[PDB]
Amino acid sequence: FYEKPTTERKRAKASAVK
Amino acid sequence: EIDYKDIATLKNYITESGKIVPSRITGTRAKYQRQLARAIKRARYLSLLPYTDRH
Amino acid sequence: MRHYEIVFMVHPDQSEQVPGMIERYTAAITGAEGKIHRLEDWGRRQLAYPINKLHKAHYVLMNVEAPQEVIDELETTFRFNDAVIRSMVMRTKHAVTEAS
Amino acid sequence: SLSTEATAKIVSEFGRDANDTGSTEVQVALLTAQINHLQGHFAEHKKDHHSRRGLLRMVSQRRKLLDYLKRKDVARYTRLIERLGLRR
Amino acid sequence: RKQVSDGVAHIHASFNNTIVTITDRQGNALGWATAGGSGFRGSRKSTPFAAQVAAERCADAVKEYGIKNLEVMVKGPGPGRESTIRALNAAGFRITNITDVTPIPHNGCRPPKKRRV
RNA sequence: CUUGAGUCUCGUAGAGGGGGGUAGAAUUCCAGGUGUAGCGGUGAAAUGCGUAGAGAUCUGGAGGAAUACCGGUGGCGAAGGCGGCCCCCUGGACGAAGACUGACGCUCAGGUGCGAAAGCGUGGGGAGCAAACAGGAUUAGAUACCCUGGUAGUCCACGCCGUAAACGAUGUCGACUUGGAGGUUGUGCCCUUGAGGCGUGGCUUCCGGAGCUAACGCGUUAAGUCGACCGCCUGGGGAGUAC
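In order, the protein sequence lines correspond to chains U, R, F, O and K. Here the authors' numbering is used: the first residue of the first sequence is 36, the next is one more, and so on. Here the authors' numbering is used: the first residue of the second sequence is 19, the next is one more, and so on. Here the authors' numbering is used: the first residue of the third sequence is 1, the next is one more, and so on. Here the authors' numbering is used: the first residue of the fourth sequence is 1, the next is one more, and so on. Here the authors' numbering is used: the first residue of the fifth sequence is 12, the next is one more, and so on.
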């Protein structure tokens, strides 16, 4: 994506952090 | 302490193919990890240690 | 004058002229106030992976405290040379004692 | 950049004594030594914009120290900027 | 004929098709059979039920050469990866090693910006 | 005058820039060998590629473009942005003690300079990818989604453009004001025995009463309590449009 993957890896840190 | 040719104490910080093992599998304090990564990358370059298992 | 801890590699099947590399490089670097402070030759070895023909190669170190201007012309001497394979000049890394 | 002895001589002759780094003329001439060195860099690259920010920062601080010389003590100002050729 | 008795089996497990080629270490592909070309066509009828068809025909296609213990390496993901291993092993062969060596890149090129729906 | 601001001694970290090389995987192409009737493609399909030797395989060779793993709620930068490795030049930042100037400061209309991506100009380059354009399905129709090709562009140097949901939708600077848990980078003392304990810095992410808010929420990195400057707002459309 060149701009999503830094967003999902900085969103799903809402998914898979706790 | 660390350098790029202590090749003995690096096969404990890579896998069989040479993919650097992450920190969250070893826990080496985010600095020794960087230095290890550079050592490992310039050891793959210089061919002491393989890029990939087919490399 | 900054510390430069370098590493060479030459085709393994002419280690006869490795002393030629010595008598060239060490002389040319000592000419400029250089000193080969901790030199060690691991000699004939086995790579992690092949290089252009053969799985073997020939490791030597030089590991100088050279001035910066002469080591780059050394690298130029590598660049067109055939008997060498890969160099890796480094930087002082906050110059430390013998490694291995 | 600039070396330790290169700054040491500037602190030496331009300071009222040894270790007078702080007097504004020492700072001015040390900054102008560095600027004169870096013109030779920036004439080589011309696409290094993340260093002309630093060059401009120190040219701006040099002008800001010079104006302070001008108000506080004129004689040192008019004796320095010809020892440097400064304030063209 | 030559009867090398061993060989490196190839499973180019693509997604729409999983063709398999049998060979020894020199890279001399002597026999091969195509899952999606084993009479079968389409996509869901070229799925690994066809892969075992290709495996059995290839076993028939090279049973004249007498290859007993078999090395296999795979390319690509896909359903035509697992069932074919069991099929070829049960089809008069003996295994040597299984792997899928599908070439992950080091960020080299651009593959397409395909379906979006 | 020394507390504001700045110089020097000294180290610490870093995808901060600019210029050079350099490696290997991966797509593609080309040459070679083996041998073979399909390959690809999707919700089924043809266009396509191919019986010549395609796909598949290994052997090499050319080129261009990006740097798997580490990698992170990480780091750096004024922002835009910056990830292989090594060197050359360079820019900041921070921390330990010191020394030195003596208010040298903050903000800044105009002004100057940097400004993602597209786009333009003149010459190269061009592997993939691909607006446009072709051909095949879809649909009621399809100029779209979908597939097969595919040019500009994407890459490089020089020049221009100046815009973005350029966003923390939070201007810069300073002072004050309960706590907790992390992160990253210095450092002081302690048997560092060590990992650290006791402290101290900086940057940083997440909770949370005071307080503030319409509210969500912010909450020592404030949207709290104040100060100095600057920019902007004044119902929706018309309109960021005409001139």
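Think of the CB as a built atom: it goes at the ideal place given N, C-alpha and C, for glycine as much as any other residue.
| field | Collapsed DSSP secondary structure at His-23/K in the structure displayed | value | It is a strand residue.
| request: Could you name the residues of the region 74-89 of chain F whose beta carbon sits closer than 8 angstroms to any beta carbon of chain R, in the order they occur along the chain? | output: Within the region 74-89 of chain F, contact with chain R at the beta-carbon level (separation under 8 angstroms) is assigned to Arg-86, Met-88.
| For the beta strand (DSSP E) that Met-84/K lies in, which residues bound it at each end? | It spans 78-86 - the beta strand (DSSP E) in which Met-84/K sits, taken as one unbroken run.
| Reduced DSSP secondary structure (H/G/I, E/B, other) of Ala-48/F | Assigned with DSSP and collapsed to three states, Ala-48/F falls in strand.
| Considering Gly-53/K, what are the terminal residues of the alpha helix (DSSP H) in which it resides? | Note, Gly-53/K: premise wrong, no alpha helix (DSSP H); not H, not E.
| message | Short of 8 angstroms Cβ to Cβ, which residues in the region 49-71 of chain F face chain R? | response | Along the region 49-71 of chain F, going in chain order, the ones with a CB nearer than 8 angstroms to a CB of chain R are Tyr-49, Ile-51, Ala-57.
| task | Locate the alpha helix (DSSP H) running through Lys-56/F, then write down its first and last residues. | result | Per DSSP, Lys-56/F lies in no alpha helix (DSSP H); the unbroken beta strand (DSSP E) holding it starts and ends at 54-59.
| query | Which partner residues does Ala-44/K have in the DSSP bridge list? | reply | Bridge pairing for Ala-44/K: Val-31/K [DSSP].
| task | Could you list which residues in chain F have their beta carbon closer than 8 angstroms to that of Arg-60/R, in chain order? | result | Those within 8 angstroms of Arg-60/R in chain F are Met-88.
| message | Would you call the region 57-69 of chain K in contact with the region 31-41 of chain K, where contact means no fewer than 3 C-beta pairs closer than 8 angstroms? | response | The region 57-69 of chain K is in contact with the region 31-41 of chain K.
| said: Residues of chain R with CB closer than 8 angstroms to the CB of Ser-100/F, please, in chain order. | reply: Per Cβ cutoff of 8 angstroms: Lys-23, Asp-24.
| Using a Cβ-Cβ distance under 8 angstroms, would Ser-65/R count as near chain F? | Taking Cβ atoms only, chain F reaches closer than 8 angstroms to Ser-65/R, which makes this a yes.
| Where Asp-17/K falls: helix, strand or coil (DSSP) | DSSP, reduced to helix, strand and coil, places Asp-17/K within a strand of the structure shown.
| Min CB distance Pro-68/R to chain F below 8 angstroms | By the rule that beta-carbons nearer than 8 angstroms mark a contact, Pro-68/R touches chain F.
| message | Quick check: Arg-97/K and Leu-81/K, are their CB atoms within less than 8 angstroms of each other? | response | Their beta carbons are not under 8 angstroms apart, which means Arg-97/K does not touch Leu-81/K by this criterion.
| said: Taking CB distances under 8 angstroms as the criterion, tell me whether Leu-39/F reaches chain R. | reply: Not an interface residue.
| message | Please identify, using Cβ separations under 7 angstroms, the residues of the region 7-22 of chain F that lie next to chain R, in order along the chain. | response | Residues of the region 7-22 of chain F that bring their beta carbon within less than 7 angstroms of a beta carbon in chain R comprise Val-7, in sequence order.
| field | Length of the line joining the Cα atoms of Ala-8/O and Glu-25/O | value | C-alpha separation (whole angstroms): 14 angstroms.
| Excluding the five sequence neighbours on either side, which residues of its own chain have a C-beta within less than 6 angstroms of the C-beta of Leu-38/O, listed in chain order? | Hits under 6 angstroms: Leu-55.
| query | When the Cα atoms are used, what is the spatial distance from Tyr-68/O to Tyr-25/F? | reply | Cα to Cα, the separation comes out at about 56 angstroms.
| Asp-73/O in three-state terms, based on DSSP | Here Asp-73/O sits in coil by DSSP.
| message | Taking 8 angstroms as the threshold (C-beta atoms), are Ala-62/K and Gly-18/K in contact? | response | Taking 8 angstroms as the Cβ cut-off, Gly-18/K and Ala-62/K do not qualify as a contacting pair.
| query | Among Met-9/F, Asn-52/F, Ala-66/F, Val-64/F, which one has its Cα closest to the Cα of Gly-43/F? | reply | Cα-wise, what sits closest to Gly-43/F is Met-9/F.
| Quick one: Cα of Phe-60/K to Cα of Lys-86/K, how far? | Distance between the alpha carbons of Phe-60/K and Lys-86/K is about 18 angstroms.
| said: Tell me which residues share the same chain as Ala-29/O and place their Cβ nearer than 7 angstroms to its Cβ, disregarding the 5 neighbours each side in the sequence. | reply: Closer than 7 angstroms at Cβ, skipping near neighbours: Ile-10, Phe-14, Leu-84.
| query | Which ranges would you report for the beta strand (DSSP E) in the region 89-116 of chain K if only whole runs of at least 3 residues count? | reply | The region 89-116 of chain K contains these whole beta strand (DSSP E) runs: 105-111.
| task | Spell out the partners DSSP gives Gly-43/F in its beta bridges. | result | For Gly-43/F, which the question treats as bridged, DSSP gives the partners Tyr-59/F.
| request: Determine contact between the region 59-77 of chain F and the region 26-38 of chain F, defined as no fewer than three beta-carbon pairs at a distance below 8 angstroms. | output: As far as the Cβ criterion goes, the region 59-77 of chain F touches the region 26-38 of chain F, which means the pair count is three or higher.
| task | Only counting runs of 4 or more residues, tell me where the alpha helix (DSSP H) segments fall wholly within the region 25-88 of chain O, in order along the chain. | result | Qualifying alpha helix (DSSP H) stretches, in chain order: 49-72, 74-83.
| request: Could you please give the first and the last residue of the uninterrupted alpha helix (DSSP H) stretch that includes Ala-8/O? | output: Counting along the chain, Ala-8/O sits inside the alpha helix (DSSP H) bounded by residues 4-14.
| request: State yes or no: is the C-beta of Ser-35/R within less than 8 angstroms of the C-beta of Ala-48/F? | output: Taking 8 angstroms as the Cβ cut-off, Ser-35/R and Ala-48/F do not qualify as a contacting pair.
| Do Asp-71/R and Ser-100/F come within 8 angstroms of each other at the CB atom, strictly closer than that value? | No. Outside cutoff.
| Tell me which same chain residues have a C-beta within less than 7 angstroms of the C-beta of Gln-51/R, skipping the five on either side of it? | So the qualifying residues of the chain are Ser-41.
| Once you ignore the five residues that flank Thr-46/R on each side, which residues in its own chain have a CB closer than 6 angstroms to its CB? | Answer for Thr-46/R: no residue qualifies.
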